[PDB]
Structures are given as C-alpha cells and as structure tokens.
Amino acid sequence: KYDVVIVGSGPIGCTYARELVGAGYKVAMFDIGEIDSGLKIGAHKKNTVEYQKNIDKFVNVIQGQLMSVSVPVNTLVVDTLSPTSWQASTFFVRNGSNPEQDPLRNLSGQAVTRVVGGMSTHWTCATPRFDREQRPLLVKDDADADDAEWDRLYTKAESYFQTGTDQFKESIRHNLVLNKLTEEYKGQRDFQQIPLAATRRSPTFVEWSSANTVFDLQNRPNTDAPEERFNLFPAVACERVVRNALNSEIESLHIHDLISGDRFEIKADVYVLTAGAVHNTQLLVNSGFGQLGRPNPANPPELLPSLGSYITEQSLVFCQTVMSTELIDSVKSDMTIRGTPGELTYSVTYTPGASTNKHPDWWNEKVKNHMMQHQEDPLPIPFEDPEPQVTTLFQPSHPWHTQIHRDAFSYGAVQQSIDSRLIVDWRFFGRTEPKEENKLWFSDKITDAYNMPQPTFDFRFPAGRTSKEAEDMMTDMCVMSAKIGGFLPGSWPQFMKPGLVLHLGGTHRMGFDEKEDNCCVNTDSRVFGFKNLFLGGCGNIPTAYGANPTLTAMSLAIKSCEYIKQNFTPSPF
Amino acid sequence: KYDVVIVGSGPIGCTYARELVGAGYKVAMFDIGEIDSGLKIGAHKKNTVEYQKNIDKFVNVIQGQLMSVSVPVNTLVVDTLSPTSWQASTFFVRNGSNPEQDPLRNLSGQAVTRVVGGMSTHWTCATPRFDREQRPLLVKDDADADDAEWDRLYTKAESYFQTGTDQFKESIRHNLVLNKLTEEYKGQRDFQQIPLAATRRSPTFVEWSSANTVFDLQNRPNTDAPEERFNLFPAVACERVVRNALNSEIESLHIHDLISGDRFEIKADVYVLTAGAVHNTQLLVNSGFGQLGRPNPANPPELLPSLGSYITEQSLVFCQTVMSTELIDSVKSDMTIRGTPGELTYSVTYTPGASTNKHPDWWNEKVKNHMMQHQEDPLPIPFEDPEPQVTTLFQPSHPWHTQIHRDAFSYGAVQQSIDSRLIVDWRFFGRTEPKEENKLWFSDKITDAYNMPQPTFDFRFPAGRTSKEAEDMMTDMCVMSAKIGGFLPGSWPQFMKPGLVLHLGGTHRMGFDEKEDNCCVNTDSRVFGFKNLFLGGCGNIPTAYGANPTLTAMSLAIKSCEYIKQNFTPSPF
Amino acid sequence: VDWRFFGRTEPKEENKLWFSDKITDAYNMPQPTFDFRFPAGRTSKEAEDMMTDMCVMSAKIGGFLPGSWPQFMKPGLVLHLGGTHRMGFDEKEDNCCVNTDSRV
Amino acid sequence: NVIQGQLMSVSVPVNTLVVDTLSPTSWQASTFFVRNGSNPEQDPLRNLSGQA
Ligand SMILES: *Cc1cc2c(cc1C)nc1c(=O)[nH]c(=O)nc-1n2C[C@H](O)[C@H](O)[C@H](O)COP(=O)(O)OP(=O)(O)OC[C@H]1O[C@@H](n2cnc3c(N)ncnc32)[C@H](O)[C@@H]1O
Ligand SMILES: *Cc1cc2c(cc1C)nc1c(=O)[nH]c(=O)nc-1n2C[C@H](O)[C@H](O)[C@H](O)COP(=O)(O)OP(=O)(O)OC[C@H]1O[C@@H](n2cnc3c(N)ncnc32)[C@H](O)[C@@H]1O
C-alpha cells in the first residue's frame, strides 16, 4: 500500500516524484526498464568523460535504446540468393513486423525507450517554452492570467531541469553563427542560444540534465532525506489499472515483476501514469478505456472516446552545412598576418582593445594563439571550441522551431573528410494540426514484445496548413542555412522519417470539457470522471506545437501535483 | 598505501582482484572509465530484458564504447561543395587523425573501451582453450607436465567465468547446424557447442558472464565480506609507474583523478597492469620502458627492448548464410502433413517414439505445435528458438578458430527481408606469426585524447604461412558454409578490417628468457628484472593463436597470482 | 520533375587549362591538366543565391524526391567549358586569342 | 547509358582511397602510385573533375 504510485521513471514521472515525495507522500515508482546509467540513477548517459571526449559515438547509445513502435511487413525482393537456400513463396509476417500496420499510414520513426530515466538518459536537453499559439490553455478568457500561470509553471520546470541560456556564451563557432544570423535577420527575427537543461563544469565538459536532475531516484528514508518515503522498482511491467464500476476511481494497479515472474496488485490513493505517449495509451486500453482493435466509429468507445485520436507528430527537416569562406575569414578579421605559415617570417598579431576591432579581446587572443601555435592548421578556430547552439524560436510569421547546432551524428567516410569545426546541423520542426482521423490503436490479435496489445498507427500529415507550413519550413531552412554555408554532401536538405523526432503528442489529450474539447484529461491532468487517476507527458498536449515538448509537459505535471496536494492527504509516517 | 594496486577493471584485472582480495591482501583498483552497467558493477550490458528481447540493437552498444586506436589522415576528395564553403588546399591533420600513422601499415579496426568491466561488458563470451600449437609453454621439456599445468589453470578460469557447453542444447537451429556438420565431416573434424561464459536462466534468457562474474567489484569490507579489503576508483587515469634506479622495483604509481583534477602517487607492495594490450604498453612507455618515438633499431631501448614488437592480430573472415531447403525440410521430416495450411483439412502429425523417426520427441513436439498453431508461418522452427552456437576447434589440419552462430548484427533493409531463423553467421579466425617488425609504438610529439603518447601501428600480415593459411581459411569457410546454405546477399565472404577482431596480442610478450625468447615478462607474468611488477592480458601471449584469447590470459593471471601469494605477505587487517 | 540551375563564372587569369610536357593522354598527345577554382566574390555568392532560388521555386511545384535533394554537381559535369581560346577586340587589352571573326 | 558511354574524363587525379579488407595474400603497393589512367600533374583540389 502506497499513497502515490507512479508508472514510469522518465522526467515526467520524476516530476511527480519530486513534488510528491517532497510533500511527504509515501511514493512507489515502477519502471519496466532497468538501472543502467551508473550510480546516479536515471542520469544522462552523455555525462561520462569518454562521451564528452567523443560526442559522435553517442548516436550509438541513442540507437541502442530506441525500439521501433510499429514496423510493417517487409516486401523487398532478394533475388540473388543461392538456389539451395530456402525461400517462402510470399512475404509472410516475420522479423517482428506488425501485420496490422499499413506501411503508408505509419509513423515509421516512432520508437520507445525502456530504461530507468526514460528518454532523458539520451535526450538533447533543449527546453524552450511554448508561445501562446502552441500552448494549451490553463485559464479561459483571460490571456494575461493564462500567461501568468504558464510563467510560474515554466519557471519552476526550468529550475528543476537547470535550464540555462549561457553555457555556450564563449564559443567562437556559436557566436560566429549567432552573430551572422542576428545581423542577417535584423528587424525581422530574433536569435538566441537554445535553452538547454545543462550545467557547464569546465571549458570542455557540460553536465547534461536528466530525470536524475529532477529527482535522484534514491530509495527513502535515507540519511539525506530521513523523513521522505520513496521506493523505485525497476524491471516491473505495469499491466492494467482496475476501475471501479462507476468509473470514478482506480482501485489497484496490476504489476508483473519481470525478474521473478510474480504478478501482484498494488494499492494506492493516487495513480499516476507517466509511461510515455504510446505506453500510457496502451495501459489505458488494457484497462478498459477506449477500445481494443481497429477503430470503428460506427460504435465509438463509451469510456474516453477521444483516447488515441487527434495524435500529432512534428515534421522534421534536416541538413548540415560547411561554413562559408566569408565567415571563416571574418574570425580572423582583426589580425595582421605576415609571412607564410610554417616559415621563419610568419606572424599573426592584433591590437587589443582597439575601437575598430570587430571582436572582443577574448576572441582575438584565442584566435591569435591558435594560429601562431598551430601553423599546420589552416583554420582560425581552436580545436576544443564548443559547438553552436542557436535558435530563432517559433513565431506566427515563422511557425516552426529551429535548432542550429551540433548533435551526435554518424558521419560517413566522405563526410569525415570535412573538418568538424566547419560543420553545423540544422533541424527545423513543424507543427501538426490535431485531426480526429489520426489514431494510435492497439491490436486485439497481435501482441508486442512484452505481450501487451500491439500498437498500430493510422497516421497521415494533415492536408492544409500543416502540410503547407512543412514546405514553407523546408524553404526557410534552405534560405537561412545559406547565410552560414553551403550544404554538406550527404546531408542535403531533407525530411526525416515520420516520428523519428520523438515528440508524439495528443494521444491522451487535455482540455476543459471532455466532449466539447474532445479530450481525455482536464487541466489538472486528471482523467475525466476519475477522482484519483492522473496522466503525465506529451500525450496530454492537445495543440499543434513545433517546439520540443518536455518542458511544457513537466509544467503541466507540476500543476497536476498542486491539485494532488490540494486533494489528498499523505499517510502518517 | 595498499598491498596490491591493479590498473584496469576488465576481466583480467578482476582475476587478480578475485585471487588477491580472497587471499587477504589490501587491494586498490583504478580504472580510467566509469561505472555505467547498472548496480552490478562491471556486469554484461546484454543482460537487460530489453537486450534479450532485441539482440541486434546490441551492436549499437558495442560500437558506442569502441574508440579507434589510430586513424590515419583522411584524403578523400569532396568536390560537390558549394563554392561559398571554406575549404583547405591540402588534406591537413584533422578530426582526430594520427599524422604518425601510415594508412597502409595500420590495424584500422583496433579499438579500446574505457568503462568499468572493460570489454567484458560487451564481449561475445566465447572461451575456448588453446591446444598445444597455439599455447605458450609453462613447463619446458615435459609436454605432459605442461598440459597438466594448463588443465589446472584453464579449469579454474572456466569456473571463474562460468564457462559451459550446454546452454544451447535444446535449440532446433543449433542442433540442425551442428548435426549437419558432424555428419558432413564424419571421420575428419569434430564439432561442438562454442564454450560460452554464460548461464541460461530461462528458455529465452541467458545471463552472459563478465568481469562482474569473476569479481563483484564491491568495496570491502562489507557485510558479506567483512574481512576483505578492496576499493575501486573509477575515472582515474594511471599515468606512470616509478622505477627505482636499478630497475628492480616499482616505487609508486602516478594517478590523475579525472573528476577532481587532482594528481597523486599511490604506494603499493605489488603493482599489476591490466589496462589492455595497447594501454599497458602505453603506460610502460610513459614510465621509461622501451622507447618513445618512432622505432630505430640503430639504437634499441635498454629497458625491455622487445616491448611493443612481435605484435599479433588475427585475420578474420565473415559471411552469413540463408539455410538450405534440404535442412529446413529435414526439420519436419518425421511429420505427416495433409491438406493446405489455413484450410479446414490441414493437419501435421508424427508418431512419438517411433524407431524410424530422425528426431527426438522434444524436437517433433515443438515443430508440430508450431506448424499447427502458426499456419500463416511457412517455417517449421519455433519463433523463440535460440540461435546456433557451433564450432570446430583449431587443429593442425585446420589451423583457425570457427564460430558458426549468431551475434548482434546491424541488418540492412534488404537483409531484413530474410527471416531471421534462416540466418547463420560464420566467423573464422586465423593465427598470425609474431614478427619483430610488427610494432606498436608511441609518438613523442602527438598525444591521444587523454594526453598520453599517441599509439601508432607499423603492421602488416606476415608473408609465408600466416598469409597462406588466411586464404586456406577463407576457402574453408566457403566450403563449410555451403553445407548449411547459400550466402546472404550483403554478407558474402569477406575479410574484415585488420584489428576489428580485438584479439591483439604479443605487445608485452611472455617467455622464459628475456633475450633468447625476445620477451618482456616471464611465466609468472613478472616483468624481467622487477620484483614487484606484473602485466596481465592478451599482450602476454607470445604465440600465433586463432582462438579467442581471454580464457588463456585469465589462466596466465591465475598463475601470476599464485606467484604473488608465494612471495608477498598481506598486511595485518 | 528535374531542376537544373546553371550559374555564371567570372573569367579569371588564374583559372587555367594547361598541358603536361611529360605525361601524355590516351592518344599520346600532351595531357590536359586543370588549375581551377570557382572565383571568390560575385560568382560564388551568386552560386549560393541560385541554390536558394532553386529551393524556393521548386517548392511551388512539390517536395524533393529522396535521393535527389538539392545539391551541387561535380565541377565540369555540366560540359559548358568556355574561355579556353577566348574572343575579344584587342589581343592585349581584352586578353584574348581570337578576334570577332574567330580569327586567331 | 549512351551519354556516359561516350564521355571520357579529361583529368583524373591519383586515387588515394585505402582498401584494407583485402586478403593477406593479395599483392599491394606501399604507396598510392600513379595508376589506372590517373594524371599525376593534377591537384585533386584544383580540378574540373566532371569535365569530359
Ligand atoms: C530519444 C530522444 C528524445 C528527445 C531528444 C533526443 C532524442 C534522441 N531531444 C529532446 C530535446 O532536445 N528536448 C525535449 O524536450 N525532448 C527531447 N526528447 C524527448 C524527451 O526525451 C521525452 O519527451 C521525455 O523523456 C518524455 O518523458 P516521459 O517521462 O513522459 O517518458 P519517457 O522518458 O519515455 O519515460 C517513460 C518510461 O515509462 C516506462 N514504461 C513504459 N511502459 C511501462 C509499463 N507498462 N510499465 C512500467 N513502466 C513503463 C519506460 O521504461 C520509460 O522509462
Ligand atoms: C569488444 C569485444 C571484445 C571481445 C568480443 C567481442 C567484442 C565485440 N568477443 C570475445 C569473445 O567472444 N571471447 C574472448 O575471449 N574475447 C572477446 N572479446 C575480447 C575481450 O573482451 C578482451 O580480450 C578482454 O576484455 C580483455 O581483458 P583485459 O582485462 O585485459 O582488458 P580490457 O577489458 O580492455 O579492460 C582494460 C581496462 O583498463 C582500462 N584502462 C585503460 N587504460 C588505463 C589507464 N591508463 N589507467 C587506468 N585504467 C585504464 C580501461 O578503461 C579498461 O576498462
């Protein structure tokens, strides 16, 4: 018996834990995944010296914990086999494919992570706020009151994640890119550093935030928190919540310990589901919400008929660029260079503090010393200079999120020929209109690897504004990126596979009125009709958004926990 | 001050810890890497439910912790850049390349892992013994005595790693492949299961051994070992051992804590280096053994002139096959099949226990039930049937090691069209003659990512028998694999990049006499001349070997620890 | 639909086609060798403006075909090499090889 | 195919790509020598590589 049980140990489940453990509730948390980020439980995997030394190897870490949600049956012909090799006469269901999945209505890049800390053990840590256009309402008919509520929630979410905009302020590359863009879009768009959930520890080490930053996941009471109560139970599959008859309360949570094989029911006052946008939906379906099997509006579900409908995923366009000659030469614009590099006469000098210099002294010292000490190196940028982290945030005249940066990436052998200091990544994210016909549903015949109902998508990007804006966004990336450099071969402007972005929203969406707003939870993230059932995560977000959603989802989790504190009493310790 | 200090927390360093902590020595162990395998410190990363469900994702784990030792300067031309993009006029030293490295004398696949548990957190766990031809001598001029010593050491090493040959005995695929090969090579070669360091826990879960199996790496004393003494210090770079003047003793170990930045000297009675074949050599060079800079026999080193010479790496050939029609049909040879699958009349039956059946009842029940219950599936092999794990061990008439199995592999989209149950991997490993001219040396100008002397190879596969045998081995794989099926397109028989095998040996090689056997350590793994310095690992192996070397290296570590117990007294507790 | 946009290249003295005095081609004639880079300044800026223009214009018709994303082609693949024996009015003042009758 | 079959490259630089998955029995040079019709006068970084 617990006061509060939380399904899922990602950053949203950890927000509930931080708030509710700190308030004195006796809290249990279950995760189907295991502890495997080191002794700091749920911490960011990128915070080892070895990954900080070799960022690009990190793409392997990410890929190794992303499992595809729904893979269609493969129909590719292989006809260069030996005649002795056994072959079927049809393209049969094999290799883990979902036979319910129409390949032409899929989110083929959608994937899930089952580990303690969830996806926050590998995420990019970008934590922008949503502007009004992207953001669900918390106060109706009073925009100033609505803004005030969001500001308070986002401010607390930013403190939990240690969001900052200063960790890259003395990078030459960052400031090179940022300066050019600020100048090019003067009077039209504003640029800043991407808000990142991270703390710089040294000039070459950044401690990336994670679920662990929000809540350390250590069992309590302990010497450090002797009056708190928390237990974490990894390798436990939460299967089903038991509804009462009137669908007004949850009575227990059915769990399956994957190590012992034992199956139990756990009792709690408050049940919080934070298993992610796919797996929250799965657990609800398995508990008798919505409908199992292929959707059939002939007869909509009685319980939460909007569950799994109005799903949204962002469009994502990508390229990389190789920095222009104009910009590289500008790095060293304040220098007087004489002689020929490597020969007796070579020198590089500048006049500190001169009013006509284009750069600050900190920049010019770094450049000068790099050029003088490394004459074998033809670039003016220090070897260990951090990467750009630049954005122009979503606005009505440019309704997409932008990241102009470097993230872990697997470079091919041709691309490895280009010096890394030249390369900048461009990721532009579009907003997707929520449409009733875009669904996540669960098979009544096929099961997934954990023997739960197999998720299946029926998705297409909506016609109309979403689609038009996706193309305007592609064009905008092409236009903007040209100010910095030309494209890197092999990383020409392209759309990525749908869902590869991992910002799936709207699967258990929020609104004011269940019927009128076609939604599953109210603004306290409480499931309609249920006194003690709360859902957290991006699945709650009912709007068309382009920015990265986790901070927003954390903010809605905070509000949800304020409701729980107003309505449920902790047990005596 | 410690009785014993161990540099490196892989399985060889853990062998020293297990032996010496258990004998009552006060032991410290340092690893440059971090704890990141979960709460069981140094455990196998593949032992999560999630990897057991999705083996192929594990290749990402491996790749994410393999860092290339020496990468030459890239000279590939990219000429489809935009004219605005900055480009150098030469192929300059960039992107981490080693300018000392001749691309045509490299081991381009050689890589290192810096993590607590070392490479044993991702290894394949194959632990064969070496036969006399491959194995260094421990007793001169008495082959029976020599065999007896190796048998005792291997038996203890097998118990430490939990080596077994029974974990795949009821797999249909394993027995299908094994049976065919046993029959095809009757009277010529013997086949068995690959000896694997692993314990089966259920029909779908195998607990793969690791450094943690050998020693749990927990600090001691603790409730469970209240009279033992052990401390593990991760994120500590060991830089140098301090020699006395006479080169008869080590006086201290210089360390650098990578988190605090502090640099200390640690005192011990016994110093053991188990940092791997590359990094042991690096640490010795940094400590004044051998020679820094490009080798120059004009003046050989005074101290350990054979260090870093006579290096050996195995040749490795690879393919995959798609199982033959003959073999797939043989699975169901005992069945009477009537009707058409999916139709009312379909049935599959057999006669249990009949003397004319080709398979045991356990096999036929599995097949029959699979065929009847899954009529949409055209194959007779159960979905969760384990993979083959088959070998014919090195012999003078086939002087290569063989693994005929499945390991984690990244399948392309065409290859994903072939049902996984059809696919078998073939890895054949050749032996490489030790030659003086094959060297690992360390730059006196360029440093690696941890600011230690940059490793550089001067390697080519020797002419003569090694090379001839590499081709005979390629032919043998082609011949043998054809008995099982034809090649899988994209996985046609091929040599892999040199060093990708990761069985680098001979860098600090063992023998009886330093001069006459051109070696660095004696048969107690004691560095010649030094009373208290021991090296462990594959670097000790002085022979041409084809089998996987870790069990052999563990065996030599055991012998080394028996010497330490005979010669050094533990401190009072 | 295919989109091919072709830019103009400023003639620069330093961009040369020359012929080896040591190496011969397949017909045993002096081997052609280039010393070429796209000029700095307007040519190069316009090449990027042109890339942008193709991206903008093409979006009015449809999205890109995977595998045929906007890209520069290898230099010279266009086969519109000019200026190797160039025309002008005055040999010296116009740095040229033939007059307006194409007479050397 | 018709086009490609009658376009002959004007000036091809010396190839320096490393192939290191050959068999140990196969003959290999220790340098990237002038071969396969390459023009040793041609700096790969000042070429018109598509000219034909
Ligand atoms: C993968 C990734 C994600 C990502 C990112 C880059 C990549 C490569 N970049 C981001 C960024 O720059 N900014 C941002 O806002 N988000 C970014 N993301 C996405 C972000 O990681 C996710 O939005 C976030 O982690 C979602 O948090 P939430 O806590 O809701 O969910 P989760 O992390 O997926 O964790 C859920 C857990 O629940 C478990 N689980 C699942 N099913 C069950 C059942 N049945 N029973 C018990 N536990 C369950 C999982 O194992 C998991 O840990
Ligand atoms: C990677 C791998 C290896 C492998 C394998 C498959 C792959 C993909 N398959 C194997 C198999 O089937 N059978 C077998 O016998 N071996 C197989 N291997 C190789 C095996 O993992 C290695 O032979 C073995 O792990 C070697 O053990 P050893 O203990 O000698 O070395 P290590 O595991 O590399 O660990 C050494 C550690 O030392 C640290 N270190 C390095 N430098 C320093 C310094 N300067 N200071 C402090 N510590 C240092 C490392 O961080 C490391 O953990």
Side-chain angles (χ1 to χ4, degrees), chain C residues 2-44 46-48 50-51 54 67-86 97, chain D:
Chain C
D2 304 349
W3 299 70
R4 285 176 184 89
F5 285 24
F6 310 74
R8 55 162 178 189
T9 293
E10 189 177 337
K12 288 297 220 189
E13 185 178 352
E14 59 268 20
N15 280 338
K16 309 195 179 290
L17 169 63
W18 59 272
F19 293 87
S20 180
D21 67 357
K22 217 222 171 238
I23 300 305
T24 57
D25 69 11
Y27 287 85
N28 237 96
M29 298 269 288
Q31 171 64 44
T33 305
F34 293 108
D35 188 340
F36 184 88
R37 270 248 173 121
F38 288 94
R42 175 194 89 193
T43 296
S44 288
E46 284 181 356
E48 230 1 264
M50 176 178 78
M51 170 63 87
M54 182 184 71
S68 300
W69 296 300
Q71 55 191 271
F72 278 88
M73 297 292 305
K74 254 178 184 200
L77 204 66
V78 51
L79 304 178
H80 291 168
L81 184 67
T84 55
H85 53 75
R86 64 208 299 269
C97 300
Chain D
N1 295 114
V2 174
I3 293 167
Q4 294 168 335
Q6 60 185 33
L7 285 178
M8 310 306 170
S9 298
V10 172
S11 185
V12 179
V14 172
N15 186 302
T16 63
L17 300 189
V18 169
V19 181
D20 53 1
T21 47
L22 296 165
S23 170
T25 56
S26 287
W27 183 96
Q28 282 294 280
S30 286
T31 68
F32 299 102
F33 65 99
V34 187
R35 62 211 189 278
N36 284 347
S38 65
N39 181 2
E41 303 267 33
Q42 184 63 64
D43 178 344
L45 298 183
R46 306 206 64 106
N47 202 7
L48 292 172
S49 56
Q51 262 286 312

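The analysis underlying the following values was restricted to heavy atoms, covering all of them including side chains, and did not include hydrogens, waters or symmetry mates. Order of the sequence lines sets the chain letters (A, B, ...), proteins ahead of strands, with each chain counted from 1.
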TODO: Flag yes if more than 12 heavy atoms outside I3(D) fall under 6.0 Å of its CD1 atom; otherwise flag no.
DONE: no

- [ ] Please state whether the side chain, the backbone, both or neither of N47(D) comes within less than 4.5 Å of a heavy atom of chain C.
- [x] both

Open item on the list: Using 0.5 Å steps for rounding, measure from the CG atom of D25(C) to the CE atom of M8(D).
Closed with: 12.5 Å

Hey, can you pull the donor-acceptor pairs under 3.5 Å for the side chains in residues 31-38 of chain C, sequence neighbours left out?
| from | atom 1 | to | atom 2 | distance (Å) |
| --- | --- | --- | --- | --- |
| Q31(C) | NE2 | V10(D) | O | 3.0 |
| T33(C) | OG1 | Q31(C) | O | 3.4 |
| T33(C) | OG1 | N39(D) | ND2 | 3.0 |
| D35(C) | OD1 | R46(D) | NE | 2.7 |
| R37(C) | NE | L45(D) | O | 3.3 |
| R37(C) | NH2 | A88(B) | O | 3.3 |

- [ ] Indicate the atoms forming the closest heavy-atom contact of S20(C) with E41(D), along with that distance.
- [x] OG-OE2, 2.5 Å

Task: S49(D) to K74(C) - nearest heavy-atom pair and separation - done: OG-CG, 3.5 Å

Open item on the list: Quick check on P40(D) against chain C: is it the side chain, the backbone, both or neither that has a heavy atom closer than 4.5 Å?
Closed with: side chain

